[PDB]
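Contents: one structure, followed by commentary.
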Amino acid sequence: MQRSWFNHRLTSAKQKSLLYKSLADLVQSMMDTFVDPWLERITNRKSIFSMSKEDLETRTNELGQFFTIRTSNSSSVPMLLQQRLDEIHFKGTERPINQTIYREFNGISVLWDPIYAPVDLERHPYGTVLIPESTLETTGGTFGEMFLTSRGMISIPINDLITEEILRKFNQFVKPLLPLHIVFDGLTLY
Amino acid sequence: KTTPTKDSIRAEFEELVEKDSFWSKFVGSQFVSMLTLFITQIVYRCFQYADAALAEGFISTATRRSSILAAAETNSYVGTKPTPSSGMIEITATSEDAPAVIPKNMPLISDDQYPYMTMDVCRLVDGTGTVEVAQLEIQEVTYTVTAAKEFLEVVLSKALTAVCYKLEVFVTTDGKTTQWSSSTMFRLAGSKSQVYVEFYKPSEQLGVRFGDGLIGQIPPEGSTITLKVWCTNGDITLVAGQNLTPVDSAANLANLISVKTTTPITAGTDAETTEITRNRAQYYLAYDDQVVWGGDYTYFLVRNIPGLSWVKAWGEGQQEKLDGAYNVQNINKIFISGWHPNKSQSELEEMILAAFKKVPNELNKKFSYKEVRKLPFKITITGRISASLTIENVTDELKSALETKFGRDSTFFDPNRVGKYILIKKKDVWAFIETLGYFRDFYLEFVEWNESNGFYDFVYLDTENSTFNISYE
Amino acid sequence: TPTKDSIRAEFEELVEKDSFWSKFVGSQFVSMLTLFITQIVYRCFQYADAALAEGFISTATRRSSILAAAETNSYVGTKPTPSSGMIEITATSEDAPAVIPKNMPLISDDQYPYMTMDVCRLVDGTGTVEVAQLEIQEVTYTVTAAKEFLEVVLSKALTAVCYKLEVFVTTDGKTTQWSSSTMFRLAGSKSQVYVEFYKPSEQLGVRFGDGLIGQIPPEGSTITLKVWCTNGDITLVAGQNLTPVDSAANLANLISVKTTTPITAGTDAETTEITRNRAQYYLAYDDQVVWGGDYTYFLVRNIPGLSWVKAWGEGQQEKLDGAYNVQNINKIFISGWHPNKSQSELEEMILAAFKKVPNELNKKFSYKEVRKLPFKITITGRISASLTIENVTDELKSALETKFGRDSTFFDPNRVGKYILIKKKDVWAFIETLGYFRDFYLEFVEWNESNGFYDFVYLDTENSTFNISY
Amino acid sequence: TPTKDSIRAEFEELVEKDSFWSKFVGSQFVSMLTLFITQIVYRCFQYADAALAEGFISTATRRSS
Amino acid sequence: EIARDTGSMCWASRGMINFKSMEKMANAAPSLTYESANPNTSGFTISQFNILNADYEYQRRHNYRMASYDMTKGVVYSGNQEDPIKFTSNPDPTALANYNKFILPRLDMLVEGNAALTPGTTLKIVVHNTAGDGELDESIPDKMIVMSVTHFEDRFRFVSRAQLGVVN
Amino acid sequence: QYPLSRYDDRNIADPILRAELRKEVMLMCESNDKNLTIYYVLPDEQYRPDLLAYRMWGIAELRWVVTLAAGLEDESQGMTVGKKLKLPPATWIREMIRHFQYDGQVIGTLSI
Amino acid sequence: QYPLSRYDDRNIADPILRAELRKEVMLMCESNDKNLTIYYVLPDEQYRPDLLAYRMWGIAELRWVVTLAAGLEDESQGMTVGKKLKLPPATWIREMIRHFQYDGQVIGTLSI
């Protein structure tokens, strides 16, 4: 509590007696030392930005039963929790991927590149030629019309950026966010 | 016992005390009772604090508005704020040396202690002018950045938060002062972007937080943060014409101009009740469009674009079934067709594409639009109408009713604005004509009838070209 | 992590430091106060710890806190389903029998209600029909003013027996159904929708919307709630008599007896742990099924009785069997096991249930039949000789069959849609945890590694051999 | 063929036209009176319509008429 | 006999004959309010009342396990499992189940001549104490049903008397 | 056995189920009913809600109502001197406590 | 609940079946029995049948009898000042309302 609440609730006659005041102070000190912090922990869990670190660990452990997260990768833990809980609503779009890559890699900006395939299937089989979007306009392959396939390529500008570590971190952390019907086929760098 | 009373604690003390030489004498006495009561007070406090905090923890079982506001992740609309009242006034001019142009935001004290900040600018053509007033006043608070840390917070006092209508944050470093925009939850935020997020304390105190270096810009070590608040009281009204408003804080004009209200100054609003706040706190994502929930494209298009008579959404398999060929390029494609009563097809394409573009798009899917094809049909009716009625009136009423029921601009295709395409069939015409009581007998015939797929074929009736043969009994 | 000894030591140090208490009194006045205060402080600390532990949903120990946390993340549990069977005997006793009735209510010898789902045949000699426990009861509420949400709550007993809920609003002589919605996600200002919710006390309610995102029920209108009530798990074997009620004019005319299939398909409501897990997963689920586990979650919720299901996309299949295939594009594979249904019936159920799946477009669904692998163990151990050998063998056999059997719940410990395989360490831990063995050794034979997609590895107790001595 | 909306609109127009009610009293006192009056007037109109319909033999809805 | 087999309450008054189920009577909302020791009440007032605590006197006769003989089923039981057995004749499970339902009297009161009190009415009763500290009496339930009514008029005063009870 | 006064909110053993009764009491205290009483916090009642509960009702075990209406979670947090409070009578509180102790249903439940 | 006074003709719910009671009352009000009272319409009772009902019987809900006896359809038309009215006692009309409300049969109906 405060620095003299329990003492101040004695009658005016007993407050001037030494032993009663000392006993009240001792009891208040014991209660503050052993009881108060847990009550404060109970009352301070309303907002994610005011909780202690143990409660943050508890909430992150709750969140970790469905995703794979390491809290030391990002700059702050409350930001990690709030942002992941917010991007849950954007299931299936590019926003969660881009924002997670920016957040967990100290500020790397990326652009998702889909893959295109040719339509003439009897002359070119399905998986022999695959072109990203950036090289689609500037190419000479497949000698024909194109179509979109459910595959993707990540494009990283070397300025913000070593490839193996990025691939490892991506496969371990961000790939689970991809939909079940989308396939990831490595990195591209410019 | 989980519920500790005074008697139980005194009994515990008496149970422990026995078999002691000094203490067993004073078992029944006033001193022990007073000591036990004074000790039990703390235990009561701790137990009740734990229970109350546990109860107030959840949004569902919270008993106060402040706790619900504090627990709410967003506040944009979770917690409403008072809105100012407005009215019209007239500014007479007395004597000479009165200003030619009345200044904007001129404070006017009312008959009571109500400030009135006139909006707009006023010109006295012959000593008479008319402007709008908005009941609110501008106060300011300042703060200095003594140390730079993550998640810096600046908190207002209770009285200012009780009457806060708007909040504007100005942070000045060196000789440059710049306003910082707010953000919902640091959405699309990063370094070099100046944003802040509001929050509500368990006590009635509003706040502003700038967070982290990566996702926000911490205010520099040597800057001063200033908040400006517009203060207002909602449900306060002034009658029209019976009130005089002297000028205050610019008292040089008090003698020069006389100001009197013309219309009642009312229509302010106040803060919401706790139950409404909690209900809006659970469902706020509802108010503002963010994403296409549940993959319902037609419903989204109906909501965003008002007036769409009908719209349909395709799939690759359905197009494959329609054209009967496995594939040309129909992979990861979404087709859409629709019709608006009073605008061209290309304009509809542009609106639909823009509306879909505003919301974030799905991964590896592109939209394509199919233009509608019109296939009108016509009918021929032969019947008798009895001698009581007139042939011309019957024909005119029949034409009007048929055009209203089945027509290009008719509502038959979605009687409710839930997005569904409903196709006209032959039984409907017979039934609708039968419900009208004109004809003793009729024999319908269909001309130019077509069988339409529900996807991109339009079938409707052309009343004018249709021929009606009506003869007296 | 305080204990009584630490509290007492701290109190003694504090008393020693103080100027007045250490000098002016000693050794009698202080001793009892030490014990009293230490006891009180320990009790208060324990209560604070209990409350803090109950604070969160993962560490909750009482059902009411779990229900409150579930209400915060709006969740309504699975409701009971009625038992179903057939009554092939409806032979008439006199003339003018019920040619073709439907939904005729019946009562069966325990004052439990039943009704017939389809019309009976012309009962030339006899007619065949199926029955269920379902019964229908209604309650109505008028509207005096627009309260902007107008929540309506049923009674505890009615919410105990509930299968479906239907809402009708009657205004100026016209009545229509109002559809349900998930929150208010895409409706506004004219849509007739409502949201269901569960109170911390077991009551089920309906909440109408605000003016902007819903249509407030207009004043001077009546709201009708229609409930289909069913008792959870009741079985009636065969040859028992069912007598008509309400429509009782046919009782003298007809005879109805139980025959052929008994009624055994009943199901009760969720338990506490299942609710705890599903409420947590509902946060990630939302209503969109883009991710892999969402299909399994939806299938488990809709279809009752499944043990486990798994779904894999094109990438895993292409890494598994075929290098590349165009037909694999936007294809979803499903596999599962149901104890009381054949694989063909499971396939019939899966795609039929998937017709209502959210976020369905440009998607093709496939089913792959499961392959079963027996698996087997051998144990050599020494008992303490206080218990007989045969009793130990029988108890161990029963325990292994219940824990690691094909019909066991090891594959889905909680009903959340998930596939949990069997590892070697689980057997070693479980056999020891029972504790009949002072020392034992395990040898695994005919053990095959599992793909995790369509492989199935249960345990066969009958083939396994146990070696016991001492 | 009035509805509640038409009654409310007509009452609002009548109140706005008035010299005293529009000027001296505003936005709190008037709002609930509007709802009360519109509801009462609609109820009275419905009862009068029912009586007029029951007036004639062809449109009667009760046996006694 | 029909009333016993159906489980309802019978009384013929004011030109009607009444059959009302016992299970639905327990969930009926009150219509009148009767208070004691409250002079600022908005309802009526009780002047004299009697508290009966003898609930065994009426439950003694209904503490039996019913049994009967049916030619196609054998011996048919109904009721509890730890009570003595008693034989009846009708082997109807629905009739056997409702054999032991009744209303338990609790309170008798005398009021100032209300002519709207008829059997089947449900009332709300609030009783305050008239000494000590104004404590409410918890031994009287909140909602009660009227069982018997007696009206009496002499040449100067009009009085009513009622007997109230609770469904078992 | 130590009996609990009939005016105690601890009469309901579950802190989560007591939330409904607390919500009802708080909702009533903020309304504008015609048999409420208006009481201002006196300078000597800043830390002692029991004195206020005794001065208004005559019962000292109704301090939880005063703590609830004032807006504090802790009894050691001082109230604001001069805050206007509206407090209901005691018989109403006792009736609500009895209803939530022996029935425990929401005020607007529909039954058959 | 909101009941009706025993002196109200609205106790019969059908406006057509109330015609028998109205006819009997009006036929009595034109007869010359010995229990009839003579009352003239005072200048202040031109638009207020309630005042006449209160002054004559002491019951204010009997204004429909005064409206009927004057020969009017609405209360908004004024009665002629100085018109002589004859009015029966309250018990008779009250039992007459009860008669058609319950028995409803016409006076003189032959039964077996």
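Worth a mention:
- Qualifying position, being acidic (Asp, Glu) and within 20 Å of residue B:274 (Cβ to Cβ), among F:14, F:33: F:33
- Any pair with Cβ under 6 angstrom, 6 or more apart, that starts in segment B:285-305 at a residue that is at the interface with chain C (Cβ under 8 Å from one of its Cβ atoms) and ends at one that is outside any helix (DSSP H, G or I) and of a type outside the set (A, V, I, L, M, F, W, C): B:287/B:77; B:293/C:185; B:294/C:287; B:294/C:358; B:295/C:359; B:299/B:419
- Residues within segment C:47-90 that are in a loop (DSSP other than H, G, I, E, B), within 14 Å of chain F (Cβ to nearest Cβ) and of a type in the set (A, V, I, L, M), tallied: 2
- Every condition in (1) away from chain A (no Cβ under 14 Å); (2) touching a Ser or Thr at 6+ places or on another chain (Cβ under 7 Å) holds for residue C:333 except the one numbered (1).
- In the set (1) out of contact with any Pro (no Cβ under 6 Å at 6 or more places or on another chain); (2) surrounded by 17 or more Cβ atoms within 10 Å (Cβ to Cβ), residue B:364 fails one condition alone, (1).
- Listing of helices (runs of 4 or more DSSP H) fully contained in segment F:1-85 that carry 1 or more residues being surrounded by fewer than 16 Cβ atoms within 10 Å (Cβ to Cβ) and more than 14 Å from the chain's Cα centre (by Cα): F:49-56
- Close pairs from segment D:8-19: first loosely packed, with under 13 Cβ neighbours inside 10 Å, partner among the hydrophobic types (A, V, I, L, M, F, W, C), Cβ under 9 Å, at least 6 apart: D:14/D:21
- Scanning segment F:86-109 for residues that are buried (at least 16 other Cβ atoms within 10 Å of the Cβ) and either within 13 Å of chain C (Cβ to nearest Cβ) or not in a helix (DSSP H, G or I) (or both) yields a total of 6.
- Selected residue (criterion: nearest to residue A:79 (Cα to Cα)) from residues of segment B:183-200 that are within 12 Å of chain A (Cβ to nearest Cβ) and among the aromatic types (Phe, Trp, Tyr): B:186
- Unmet requirement for residue C:162, which otherwise passes all of (1) under 25 Å from residue E:97 (Cβ atoms); (2) over 25 Å from the mean Cα position of the chain (by Cα); (3) assigned to a loop (DSSP other than H, G, I, E, B): (2)
- Residue match in segment B:268-281 (condition: within 14 Å of chain D (Cβ to nearest Cβ), exposed (fewer than 15 other Cβ atoms within 10 Å of the Cβ), closer than 30 Å to residue B:61 by Cβ and out of contact with any strand residue (DSSP E or B) (no Cβ under 7 Å at 6 or more places or on another chain)): yes
- Where residue C:35 falls short, out of the listed (1) more than 7 Å from every other protein chain (Cβ to nearest Cβ); (2) closer than 21 Å to residue B:11 by Cα; (3) surrounded by fewer than 17 Cβ atoms within 10 Å (Cβ to Cβ): (1)
- The set of residues in segment B:182-207 that are surrounded by 17 or more Cβ atoms within 10 Å (Cβ to Cβ), of a type in the set (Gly, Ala, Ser) and under 13 Å from residue B:76 (Cα atoms) contains only B:183.
- Filtered residue count, segment C:202-214, keeping only those that are over 22 Å from residue C:137 (Cα atoms) and touching a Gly at 6+ places or on another chain (Cβ under 7 Å): 2
- Here the strands (runs of 3 or more DSSP E) wholly within segment B:185-239 that include at least 1 residues being more than 30 Å from residue B:86 (Cβ to Cβ) and in contact with an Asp or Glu (Cβ under 7 Å, 6 or more places away or on another chain) are B:206-210.
- Some residue of segment E:125-148 being polar (S, T, N, Q), touching a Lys or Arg at 6+ places or on another chain (Cβ under 7 Å) and surrounded by fewer than 15 Cβ atoms within 10 Å (Cβ to Cβ): no
- Selection of segment D:1-19 for residues being of a type in the set (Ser, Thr, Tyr) and more than 27 Å from residue B:239 (Cα to Cα) yields D:1, D:3, D:6.
- Tally, over segment A:110-156, of residues that are in a strand (DSSP E or B) and aromatic (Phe, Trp, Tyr): 3
- Summed over segment C:61-98, residues that are within 24 Å of residue B:50 (Cβ to Cβ), surrounded by 19 or more Cβ atoms within 10 Å (Cβ to Cβ) and touching a helix residue (DSSP H, G or I) at 6+ places or on another chain (Cβ under 6 Å) total 3.
- Scanning segment B:108-159 for residues that are more than 17 Å from residue B:225 (Cβ to Cβ), outside any strand (DSSP E or B) and within 28 Å of the chain's Cα centre (by Cα) yields B:120, B:134, B:135, B:136, B:158, B:159.
- Scope segment C:149-169; condition away from chain F (no Cβ under 12 Å) and either surrounded by fewer than 15 Cβ atoms within 10 Å (Cβ to Cβ) or closer than 30 Å to residue C:262 by Cα (or both); matching residues: C:160, C:162, C:163, C:164, C:165, C:166
- Residues that are more than 13 Å from chain F (Cβ to nearest Cβ) and either among the hydrophobic types (A, V, I, L, M, F, W, C) or touching a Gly at 6+ places or on another chain (Cβ under 7 Å) (or both) within segment B:1-28 comprise B:13, B:16, B:17, B:22, B:23, B:26, B:27, listed in sequence order.
- Complete set of residues in segment C:424-454 that are buried (at least 17 other Cβ atoms within 10 Å of the Cβ) and closer than 30 Å to residue C:334 by Cα: C:427, C:454
- Segment E:90-110: number of residues that are farther than 21 Å from residue E:13 by Cα and of a type in the set (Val, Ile, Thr): 1
- In segment A:113-130, the residues that are away from chain C (no Cβ under 11 Å) form Cβ pairs under 7 Å with partners that are surrounded by fewer than 18 Cβ atoms within 10 Å (Cβ to Cβ) and among the hydroxyl-bearing types (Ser, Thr, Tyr), at six or more places apart or across chains, as follows: A:113/A:134; A:113/A:155; A:113/A:188.
- Residue E:77 of a type in the set (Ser, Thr, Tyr), closer than 30 Å to residue F:112 by Cβ, over 19 Å from the mean Cα position of the chain (by Cα) and not in a loop (DSSP other than H, G, I, E, B): yes
- Being more than 25 Å from residue B:294 (Cα to Cα) and either surrounded by 15 or more Cβ atoms within 10 Å (Cβ to Cβ) or within 14 Å of chain A (Cβ to nearest Cβ) (or both) holds for only one residue in B:359, B:394, and it is B:394.
- Within the span defined as segment F:25-37, one or more residues are acidic (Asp, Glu) and either touching a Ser or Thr at 6+ places or on another chain (Cβ under 8 Å) or within 12 Å of chain B (Cβ to nearest Cβ) (or both).
Values in this text are rule-based calculations from the coordinates and carry no lab data. In this analysis, Cβ positions are derived from the backbone assuming ideal geometry, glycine residues included, and neighbour counts consider all displayed protein chains.
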